[PDB]
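Visitor: build me a model from this:
(6 chains, ligands or ions: 13)
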Amino acid sequence: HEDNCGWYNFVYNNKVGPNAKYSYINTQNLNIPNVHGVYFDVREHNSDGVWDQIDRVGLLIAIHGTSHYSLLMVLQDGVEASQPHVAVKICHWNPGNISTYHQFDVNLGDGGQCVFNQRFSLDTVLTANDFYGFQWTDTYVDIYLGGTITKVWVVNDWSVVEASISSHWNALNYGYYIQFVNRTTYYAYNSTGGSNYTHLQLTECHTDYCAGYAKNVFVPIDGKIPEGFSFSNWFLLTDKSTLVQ
Amino acid sequence: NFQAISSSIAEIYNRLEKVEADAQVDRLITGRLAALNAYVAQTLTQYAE
Amino acid sequence: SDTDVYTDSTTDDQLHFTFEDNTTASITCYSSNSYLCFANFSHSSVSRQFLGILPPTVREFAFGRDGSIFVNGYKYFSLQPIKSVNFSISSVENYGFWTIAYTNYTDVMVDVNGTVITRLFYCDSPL
Amino acid sequence: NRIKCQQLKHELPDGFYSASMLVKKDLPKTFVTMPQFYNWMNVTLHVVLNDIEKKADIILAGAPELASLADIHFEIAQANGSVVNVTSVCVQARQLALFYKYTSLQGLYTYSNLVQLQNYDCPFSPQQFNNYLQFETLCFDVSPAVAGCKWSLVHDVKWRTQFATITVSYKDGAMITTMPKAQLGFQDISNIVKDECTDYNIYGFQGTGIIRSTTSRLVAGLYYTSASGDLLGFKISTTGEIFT
Amino acid sequence: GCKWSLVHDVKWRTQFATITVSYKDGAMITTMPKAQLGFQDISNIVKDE
Amino acid sequence: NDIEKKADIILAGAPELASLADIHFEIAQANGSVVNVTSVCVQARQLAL
Ligand SMILES: *[C@@H]1O[C@H](CO)[C@@H](O[C@@H]2O[C@H](CO)[C@@H](O[C@@H]3O[C@H](CO[C@H]4O[C@H](CO)[C@@H](O)[C@H](O)[C@@H]4O)[C@@H](O)[C@H](O)[C@@H]3O)[C@H](O)[C@H]2NC(C)=O)[C@H](O)[C@H]1NC(C)=O
Ligand SMILES: *[C@@H]1O[C@H](CO)[C@@H](O[C@@H]2O[C@H](CO)[C@@H](O[C@@H]3O[C@H](CO[C@H]4O[C@H](CO)[C@@H](O)[C@H](O)[C@@H]4O)[C@@H](O)[C@H](O)[C@@H]3O)[C@H](O)[C@H]2NC(C)=O)[C@H](O)[C@H]1NC(C)=O
Ligand SMILES: *[C@@H]1O[C@H](CO)[C@@H](O[C@@H]2O[C@H](CO)[C@@H](O[C@@H]3O[C@H](CO)[C@@H](O)[C@H](O)[C@@H]3O)[C@H](O)[C@H]2NC(C)=O)[C@H](O)[C@H]1NC(C)=O
Ligand SMILES: *[C@@H]1O[C@H](CO)[C@@H](O[C@@H]2O[C@H](CO)[C@@H](O)[C@H](O)[C@H]2NC(C)=O)[C@H](O)[C@H]1NC(C)=O
Ligand SMILES: *[C@@H]1O[C@H](CO)[C@@H](O[C@@H]2O[C@H](CO)[C@@H](O)[C@H](O)[C@H]2NC(C)=O)[C@H](O)[C@H]1NC(C)=O
Ligand SMILES: *[C@@H]1O[C@H](CO)[C@@H](O[C@@H]2O[C@H](CO)[C@@H](O)[C@H](O)[C@H]2NC(C)=O)[C@H](O)[C@H]1NC(C)=O
Ligand SMILES: *[C@@H]1O[C@H](CO)[C@@H](O)[C@H](O)[C@H]1NC(C)=O
Ligand SMILES: *[C@@H]1O[C@H](CO)[C@@H](O)[C@H](O)[C@H]1NC(C)=O
Ligand SMILES: *[C@@H]1O[C@H](CO)[C@@H](O)[C@H](O)[C@H]1NC(C)=O
Ligand SMILES: *[C@@H]1O[C@H](CO)[C@@H](O)[C@H](O)[C@H]1NC(C)=O
Ligand SMILES: *[C@@H]1O[C@H](CO)[C@@H](O)[C@H](O)[C@H]1NC(C)=O
Ligand SMILES: *[C@@H]1O[C@H](CO)[C@@H](O)[C@H](O)[C@H]1NC(C)=O
Ligand SMILES: *[C@@H]1O[C@H](CO)[C@@H](O)[C@H](O)[C@H]1NC(C)=O
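Guide: Numbering: from 1, shown residues only, chains lettered A, B, ... in the order given. Ligands and ions are numbered 1, 2, ... in the order given. What follows is the structure:
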């Protein structure tokens, strides 16, 4: 899976990246793939994984803890259309389960407790495989749809992800990868001058706090900021007027 | 502000009327005119030197 | 300048203070990019008091003890003597870390060039 | 000739003479402050003089005799319909104005019996008060209460005998800004006037000049002074652009 | 004489009534913080520091 | 006085606290307790406020 991680190198880390800089990226992401056509992928873990698909088949992901009473859940469909669109909703339901096999524009529950809704446009710009997953921690929900990262602050008491494919195809093959992450992996970005793999030199690390060396963290050796340090974020504090030179 | 309200002149004329703001701005004038002669005499020291 | 959605429906804070002798202030913010930011001086959001507008590129908060709330250097509004800060904010980088310093006043020289600090120098030794 | 009048000589030696121009007279105003939700008050000082017992011999009235015939009150305007009178309002709002309106009871508006305000100790005259002045606290009074500075109140505008003072209490700050003409409705204060000689009032700084717009971004506070306390540039808060 | 203020809100310092004091300079009256009683001599010459 | 105006004293106007004010000088007698006056003016040698 070097090329598949090498495809993960290209599209997934082209979310934000500016030039000539390195950091210490930690996001719970892929390590080893899984292909599943069970169509009721009931799996309970501690964070989301990432899926991957090129063909024109609808998808549906549901995120919850247990069946709560006001703690909101996540509903989401990835449906093929004239443009393959995706809507994510944050609301609540007691009845039902995904053994469904219907059409799914907006189809799971009209919950009366619903606050967030957005119809995202999936940028299927590249012809290769591009990754789209999610993340939550405790109050803090992540979206990785298309070209950006969007954040939702609600609450996360979430340990059961519900994924399913709702169609009875007779015998088809699916180039189709989906993982489920319950890990705390770390990485080490580079992009010094360009290692020409595409632009960078990745490094996964084994245990903890690797050779990434974020320049924001320092050691206050005497109560003193170290010399030779970027003050891009420390300011002169005043109230009358700032200086210029 | 040489014993006056504020160190800028247009602040003075937007608080007081002309019959009484002139006394306040007078201390600005005679104060600043002495500040030139402190500069001028230092300069003519150097021109002659 | 992390601009995300705040779908609280609980009247959340996004910034919560505790003054001396058990008094609560809770300020929130929105966007338009300007920053509409209101306050509460109560236990719940019983009203709203308009703070101001923060400029679009915020890159330093600073909370002094007496009640000074510096933003980007400038003192935008004073407040009460602060005991503790209950916060929930993020940054648009998804890469590294922040820094939250605990800091004392100290006389220093600064090098300013285009209103940003170039080089710092301390004054502690007799030399 | 302006060079000659500055030189006190009818004939000049040929050379270099620092000359300039008298600027203008009428300039469009310009007032920029931190944006705030409007809360504008309208307090007026109202003086009524009893002229029904003392028809046409009020010019012979002694100084404490007008104090019995005086009527001093602050007509604070409610935003519902009419006005309410008080004795000593002290403002908690954000924008306010002081207006003055004296009425004799029987058409006696001649020179020999007026009333007009007089700055006595305050560092602002009352007929300049409706310009963009900035305070922290501001509380008025008509009695001999807590002394701040006090305004006089004179009868004959030739022979200025006094009735009773209007003392004001104040300290400098930026939470209270006076407005002359009730900028209501807008949650933004405006009139950046570009490319001409204006008169500005920017965040409390004041003076005349030409304001332009530029494409350069500085991550800093609101404004940028010189070494002499003059404005060089300032930043709008609602957007990112700075002016010069 | 001169007068001291007396404020209510230590944010919004509105005033009740002043405490005016009347005074002139001299040496017969000396303020003491902590009631030096009993002694007919005032002290605390502290040497060599 | 906080007995007529429980917890809304922060909404009280400026002369309204003057009715609720109580200003006095508790001059201490050297025998036992204290006496209240309105305006003492000192004749003694040492004092403290
Ligand atoms: C950074 O600046 C801070 C100032 O804002 C420094 O905080 C100061 O820290 C010192 C040392 O911890 C405190 O002084 C101590 O206070 C305790 C308790 O005070 C009470 O009792 C003392 C007499 O015992 C009396 O003088 C006080 O008024 C109180 O009644 C004392 O037991 C100690 O003897 C000593 O006085 C300061 O009080 C504190 N500032 C305040 C006002 O809280 C901080 O230390 C600095 N950090 C640095 C420079 O590294
Ligand atoms: C600040 O408060 C002042 C006190 O109210 C405001 O003055 C008021 O301005 C309005 C403008 O519409 C006046 O209304 C007009 O009244 C005239 C006739 O005035 C005479 O008759 C009225 C009868 O009610 C009487 O109240 C006046 O005193 C006069 O005797 C009409 O012809 C107009 O159509 C209109 O109705 C108020 O009369 C006037 N009140 C006073 C006491 O002067 C002032 O405008 C406020 N300033 C602001 C908001 O900037
Ligand atoms: C969240 O992930 C962690 C670790 O990634 C989960 O730990 C799971 O831990 C068990 C041990 O309790 C591992 O099973 C081991 O399996 C081998 C193979 O049969 C067996 O010989 C050992 O005796 C032991 O049973 C399991 O592999 C590991 N699973 C994963 C996901 O790596 C933890 O359970 C996860 N949260 C859940 C789903 O509760
Ligand atoms: C909805 O239906 C699915 C599929 O039947 C249920 O998933 C099962 O969950 C149990 C308990 O965790 C597992 O032991 C099974 O292996 C899962 N799959 C199957 C095929 O049984 C899911 O729990 C149901 N959710 C409900 C009823 O709310
Ligand atoms: C990323 O890779 C580059 C080289 O491709 C590293 O650059 C070298 O860094 C060391 C110190 O870590 C320097 O002594 C070398 O001089 C650098 N080489 C160059 C090209 O000048 C870079 O350090 C790596 N990332 C990090 C931050 O470790
Ligand atoms: C620090 O200050 C110097 C002096 O103003 C800046 O140097 C100027 O840089 C620009 C672009 O690099 C040139 O066009 C000027 O000619 C330079 N000035 C001189 C006198 O040569 C320098 O850019 C500043 N550093 C910053 C803004 O980061
Ligand atoms: C790295 O190599 C690639 C070739 O795939 C080239 O396109 C790119 O410009 C190179 N980058 C640098 C910095 O030389
Ligand atoms: C709560 O406030 C009171 C007075 O307002 C104070 O004395 C106390 O220390 C505070 N903290 C507690 C009870 O933890
Ligand atoms: C302050 O933070 C603590 C710990 O996170 C939390 O339990 C408490 O609810 C917070 N207080 C608020 C939100 O008022
Ligand atoms: C405004 O309200 C007051 C009571 O608060 C009332 O006395 C007055 O008549 C009202 N004025 C109008 C015209 O609404
Ligand atoms: C307001 O005017 C009325 C009518 O003359 C008068 O009775 C009342 O005393 C005035 N109130 C004040 C506070 O001056
Ligand atoms: C002190 O003497 C006064 C009378 O001069 C008396 O009223 C007061 O009670 C005495 N106090 C004590 C406790 O001796
Ligand atoms: C002293 O206190 C008593 C008890 O309240 C009061 O009656 C008396 O008027 C006060 N005297 C002075 C001079 O304030």
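Visitor: ok, residue A:164 - contacts?
Guide: By C-beta atoms under 8 Å, 6 or more residues apart in numbering or on different chains, the contact list for residue A:164 reads A:39-41, A:60, A:98-100. C-beta: built from backbone N, CA, C; applies to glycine.
Visitor: look at residue D:61 and say how many residues are nearby.
Guide: Residues near residue D:61, counting by other C-beta atoms under 10 Å in any protein chain shown, number 17.
Visitor: for residue D:35, same thing?
Guide: Neighbours around residue D:35, by other C-beta under 10 Å: 19.
Visitor: can you tell me the SS state at residue C:53?
Guide: With DSSP: H, G, I helix; E, B strand; the rest coil as the basis, residue C:53 sits in strand.
Visitor: who's it bridged to?
Guide: Beta bridges link residue C:53 to residue C:36, judged by DSSP bridges.
Visitor: any idea how far the closest residue to ligand 2 within chain C is from residue C:39?
Guide: Residue of chain C nearest ligand 2, by C-beta to the nearest ligand atom: residue C:50 (22.2 Å). Per C-beta to C-beta, to the nearest Å, residue C:50 is found 8 Å from residue C:39.
Visitor: when the two are compared, which one has more neighbours?
Guide: Shown here are residue C:50 and residue C:39; by other C-beta under 10 Å, residue C:39 has more neighbours (19 against 15).
Visitor: quick one: contacts for the more buried one?
Guide: Residues near residue C:39 by C-beta under 8 Å, 6+ apart: C:25-27, C:48-49, C:51.
Visitor: buried subset of those residues?
Guide: The neighbour count (16 or more other C-beta atoms under 10 Å in any protein chain shown) marks C:25-27, C:51 as buried among the contacts of residue C:39.
Visitor: residue contacts, the residue in chain C that ligand 10 sits nearest to?
Guide: Nearest to ligand 10, among the residues of chain C, is residue C:47, at 19.6 Å (C-beta to the nearest ligand atom). Contacts were defined as C-beta under 8 Å, 6+ apart; by that measure residue C:47 touches residue C:40.
Visitor: how far away is it from residue C:15?
Guide: Per C-beta to C-beta, residue C:47 is found 17 Å from residue C:15.
Visitor: again with residue C:117
Guide: Remark: distance between residue C:117 and residue C:15 (C-beta to C-beta) = 26 Å.
Visitor: check residue A:179 too.
Guide: Counting by C-beta to C-beta - residue A:179 and residue C:15 are separated by 36 Å.
Visitor: same question, residue D:24
Guide: Taking C-beta to C-beta, one finds residue D:24 at 48 Å from residue C:15.
Visitor: out of those two, which sits in the more crowded spot?
Guide: Between residue D:24 and residue C:15, counted using other C-beta under 10 Å, residue C:15 has the larger neighbour count: 20 against 11.
Visitor: the more buried one against residue C:69, yeah?
Guide: No - the pair residue C:15 / residue C:69 is not scored as a contact, 9.8 Å apart, by C-beta atoms under 8 Å.
Visitor: angles on the backbone of the nearest residue to residue A:124 once chain neighbours are set aside, please.
Guide: Distances taken as C-beta to C-beta, 6 or more residues apart in numbering or on different chains place residue A:84 nearest to residue A:124, at 6.0 Å, with adjacent residues excluded. Main-chain torsions, residue A:84, degrees, to the nearest 10: phi -70, psi 110.
Visitor: what is the burial count for residue A:84?
Guide: Other residues near residue A:84 come to 15 when the count uses other C-beta under 10 Å.
Visitor: great, nothing more from me.
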